[PDB]
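Undergrad: The structure under discussion is supplied below as structure tokens; questions concerning it will follow.
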Amino acid sequence: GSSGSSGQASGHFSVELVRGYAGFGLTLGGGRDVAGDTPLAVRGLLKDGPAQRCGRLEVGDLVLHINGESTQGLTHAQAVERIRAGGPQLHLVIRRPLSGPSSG
């Protein structure tokens, strides 16, 4: 197709990890479910896992896309799939929300 061109203040970042052992040890909470519509966001981090170690992913992070694919139509089960099928390398688009730092 075409290489394309990206911006600088993209805002969103990608996540690169290496299959540690039988998965990445990353869990997601919420997402688009028939019992409710919620924005996909990391839930639990497999202790001593590739996700927690990296520190790039934390509980609460919001997911906008995955493996360069639009999740606007991918459910909690559809998203995970793309991840596993992604291959030996994981790629997820996470964009931290806009919040203020706690002060005393």
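Chain labels run A, B, ... following the order of the structure tokens; each chain numbers its residues from 1, and ligands are numbered from 1 in the order shown.
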If you count only C-alpha atoms, which residues fall within 12 Å of segment 84-89 of chain A, apart from same-chain ones fewer than 2 positions away, as a list in words?
TA: residues 14, 15, 16, 17, 18, 19, 20, 21, 22, 23, 24, 25, 26, 50, 66, 67, 68, 69, 77, 78, 79, 80, 81, 82, 91 and 92 of chain A
Undergrad: Would you put the residues from that selection into a file with N, CA and C atoms, as a compact mmCIF listing (two decimals), in the first residue's frame?
TA:
# COMPACT_ATOMS: atom_id res chain seq x y z
N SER A 14 2.35 3.28 21.70
CA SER A 14 2.23 1.84 21.45
C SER A 14 2.92 1.04 22.55
N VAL A 15 2.58 -0.24 22.64
CA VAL A 15 3.16 -1.11 23.65
C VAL A 15 3.80 -2.34 23.01
N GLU A 16 5.11 -2.47 23.18
CA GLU A 16 5.85 -3.60 22.61
C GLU A 16 6.34 -4.53 23.71
N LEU A 17 5.92 -5.79 23.65
CA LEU A 17 6.32 -6.78 24.64
C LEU A 17 6.67 -8.10 23.98
N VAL A 18 7.40 -8.95 24.70
CA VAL A 18 7.81 -10.25 24.18
C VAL A 18 7.16 -11.38 24.97
N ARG A 19 6.46 -12.26 24.26
CA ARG A 19 5.80 -13.39 24.90
C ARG A 19 6.70 -14.04 25.94
N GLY A 20 6.42 -13.79 27.21
CA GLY A 20 7.22 -14.35 28.28
C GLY A 20 7.03 -15.85 28.41
N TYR A 21 5.84 -16.27 28.82
CA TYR A 21 5.54 -17.68 28.99
C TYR A 21 4.03 -17.93 28.92
N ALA A 22 3.60 -18.58 27.84
CA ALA A 22 2.18 -18.89 27.65
C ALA A 22 1.33 -17.64 27.81
N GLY A 23 1.66 -16.60 27.05
CA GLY A 23 0.91 -15.36 27.13
C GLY A 23 1.77 -14.19 27.57
N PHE A 24 1.13 -13.05 27.82
CA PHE A 24 1.84 -11.85 28.25
C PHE A 24 1.51 -11.51 29.70
N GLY A 25 0.44 -12.11 30.21
CA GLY A 25 0.03 -11.85 31.58
C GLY A 25 -0.69 -10.52 31.73
N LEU A 26 -1.35 -10.09 30.66
CA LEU A 26 -2.08 -8.82 30.68
C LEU A 26 -3.58 -9.06 30.61
N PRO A 50 5.73 -9.58 31.96
CA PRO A 50 6.36 -8.69 30.98
C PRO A 50 5.68 -7.33 30.91
N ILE A 66 -5.51 -1.29 18.69
CA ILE A 66 -4.63 -2.43 18.94
C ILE A 66 -4.02 -2.94 17.64
N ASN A 67 -2.72 -3.20 17.66
CA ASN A 67 -2.01 -3.69 16.49
C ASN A 67 -2.33 -2.84 15.26
N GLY A 68 -2.46 -1.54 15.47
CA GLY A 68 -2.76 -0.64 14.37
C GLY A 68 -4.14 -0.88 13.78
N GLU A 69 -5.03 -1.45 14.59
CA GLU A 69 -6.38 -1.74 14.14
C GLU A 69 -7.41 -0.99 14.97
N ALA A 77 -13.70 -9.80 23.35
CA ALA A 77 -13.23 -11.07 22.81
C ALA A 77 -12.54 -10.87 21.46
N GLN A 78 -13.00 -9.88 20.71
CA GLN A 78 -12.42 -9.59 19.40
C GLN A 78 -11.04 -8.96 19.54
N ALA A 79 -10.89 -8.09 20.53
CA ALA A 79 -9.62 -7.42 20.77
C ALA A 79 -8.53 -8.42 21.14
N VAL A 80 -8.76 -9.15 22.23
CA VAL A 80 -7.80 -10.15 22.69
C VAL A 80 -7.26 -10.98 21.53
N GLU A 81 -8.17 -11.45 20.68
CA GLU A 81 -7.79 -12.26 19.53
C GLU A 81 -6.64 -11.60 18.76
N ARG A 82 -6.88 -10.38 18.30
CA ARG A 82 -5.87 -9.64 17.55
C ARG A 82 -4.52 -9.68 18.26
N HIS A 91 1.42 -5.49 20.24
CA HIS A 91 1.31 -4.08 19.88
C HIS A 91 -0.08 -3.54 20.23
N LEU A 92 -0.14 -2.70 21.25
CA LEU A 92 -1.41 -2.11 21.69
C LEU A 92 -1.29 -0.60 21.82
Undergrad: Could you check which of A:93, A:28, A:54, A:42 is closest to residue 70 of chain A, using only C-alpha atoms?
TA: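 Going through A:93, A:28, A:54, A:42 one by one, the smallest distance to residue 70 of chain A is for A:93.
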Undergrad: When you count only C-alpha atoms, which of these residues is closest to residue 63 of chain A: A:39, A:7, A:29, A:49?
TA: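 Checking each candidate against residue 63 of chain A, we get A:39 as the closest.
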Undergrad: Please provide as a PyMOL selection string all residues within 7 Å of residue 31 of chain A, with the sequence filter that same-chain residues fewer than 4 positions apart are discarded (counting only C-alpha atoms).
TA: chain A and resi 37-40+75-76
Undergrad: Out of A:9, A:61, A:95, A:3, which residue has the shortest atom-to-atom distance to residue 45 of chain A when counting only C-alpha atoms?
TA: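 Smallest distance to residue 45 of chain A is found for A:61.
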Undergrad: Write out as a PyMOL selection string all residues of chain A that DSSP puts in strand (DSSP E or B) for this structure's backbone.
TA: chain A and resi 13-18+26-29+32-33+36-37+41-45+62-66+69-70+89-94
Undergrad: Using C-alpha atoms, can you write the selected residues to a file as a tab-separated table (two decimals), in the first residue's frame?
TA:
chain	number	residue	atom	x	y	z
A	13	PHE	CA	1.58	5.48	22.35
A	14	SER	CA	2.23	1.84	21.45
A	15	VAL	CA	3.16	-1.11	23.65
A	16	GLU	CA	5.85	-3.60	22.61
A	17	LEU	CA	6.32	-6.78	24.64
A	18	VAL	CA	7.81	-10.25	24.18
A	26	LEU	CA	-2.08	-8.82	30.68
A	27	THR	CA	-5.78	-8.53	31.52
A	28	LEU	CA	-8.39	-6.00	30.41
A	29	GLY	CA	-11.48	-4.82	32.27
A	32	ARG	CA	-17.73	-3.31	24.68
A	33	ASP	CA	-20.01	-5.99	26.14
A	36	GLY	CA	-22.79	-2.67	28.81
A	37	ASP	CA	-20.49	-0.38	26.84
A	41	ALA	CA	-8.74	-0.36	30.10
A	42	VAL	CA	-6.06	-2.52	31.73
A	43	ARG	CA	-7.35	-4.35	34.80
A	44	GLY	CA	-4.77	-6.66	36.34
A	45	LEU	CA	-1.04	-7.09	35.79
A	62	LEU	CA	-7.29	3.47	28.25
A	63	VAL	CA	-7.15	1.53	24.98
A	64	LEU	CA	-8.09	3.25	21.72
A	65	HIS	CA	-6.61	0.81	19.20
A	66	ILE	CA	-4.63	-2.43	18.94
A	69	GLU	CA	-6.38	-1.74	14.14
A	70	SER	CA	-9.59	0.10	15.03
A	89	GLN	CA	5.37	-9.35	19.36
A	90	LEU	CA	2.53	-7.48	21.06
A	91	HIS	CA	1.31	-4.08	19.88
A	92	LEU	CA	-1.41	-2.11	21.69
A	93	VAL	CA	-2.36	1.56	21.51
A	94	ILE	CA	-2.71	3.13	24.95
Undergrad: Mind giving me the straight-line distance from atom CA of residue 71 of chain A to atom CA of residue 100 of chain A in Å, one decimal?
TA: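 Between atom CA of residue 71 of chain A and atom CA of residue 100 of chain A the gap works out to 27.2 Å.
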Undergrad: Using atom CA of residue 12 of chain A and atom CA of residue 53 of chain A as the two end points, give the distance in Å to one decimal.
TA: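 Atom CA of residue 53 of chain A lies 20.5 Å from atom CA of residue 12 of chain A.
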Undergrad: Which value, in Å to one decimal, gives the distance between atom CA of residue 97 of chain A and atom CA of residue 59 of chain A?
TA: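 Computing the Euclidean distance for atom CA of residue 97 of chain A and atom CA of residue 59 of chain A yields 12.1 Å.
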